[PDB]
Amino acid sequence: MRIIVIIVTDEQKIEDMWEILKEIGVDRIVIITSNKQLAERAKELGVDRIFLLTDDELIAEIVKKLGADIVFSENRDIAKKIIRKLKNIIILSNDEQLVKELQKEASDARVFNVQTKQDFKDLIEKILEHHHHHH
């Protein structure tokens, strides 16, 4: 029980760790998406932990059952939809104007903000040492 809810935003795709994704990744991640396209792509990789749902707030009930303690997703409304039942979950969102709302209104809710590479650098330094390959 340490599964991360991977909801994918169309930004810089992690194709770097796409290989190790099948060894370490699928062991501790679940692919939660509304797009069958990348859900099939992950299925061609051999990701067993995939849910395809075109619903917004329903993910709060899905991850409740999955016992998920973390989610990567841009979600303003759906943040409060998850937090109202789960204040023990750590949610990352890009909108700092929203992240602060959840940090004030919810007592035990651990809501972290991402803006620039700094937020990612500190976060990866907190967790296990993971470096990127220069060229």
# chains A, B, ... in the order shown; residues from 1 in each chain; ligands from 1

$ residues_around --residues "residue 98 (chain A)" --least-positions-apart "4" --cutoff "8 Å" --atoms "only C-alpha atoms" --output "list in words"
residues 76, 93 and 102 of chain A

$ residues_around --residues "residue 117 (chain A)" --least-positions-apart "5" --cutoff "12 Å" --atoms "only C-alpha atoms" --output "ChimeraX atom specification"
/A:12,94,122-124

$ select_by_dssp --residues "chain A" --states "helix (DSSP H, G or I)" --output "NGL selection string"
:A and (20-22 or 25-28 or 36-45 or 59-66 or 77-83 or 96-105 or 117-126)

$ residues_around --residues "residue 73 (chain A)" --least-positions-apart "2" --cutoff "8 Å" --atoms "only C-alpha atoms" --output "number ranges by chain"
A: 6-9, 71, 75, 91-93

$ closest_residue --among "A:66, A:110, A:72, A:48" --to "residue 23 (chain A)" --atoms "only C-alpha atoms"
A:48

$ closest_residue --among "A:28, A:125, A:45, A:40" --to "residue 15 (chain A)" --atoms "only C-alpha atoms"
A:45

$ closest_residue --among "A:55, A:74, A:16, A:96" --to "residue 34 (chain A)" --atoms "only C-alpha atoms"
A:55

$ closest_residue --among "A:29, A:53, A:128, A:38" --to "residue 13 (chain A)" --atoms "only C-alpha atoms"
A:38
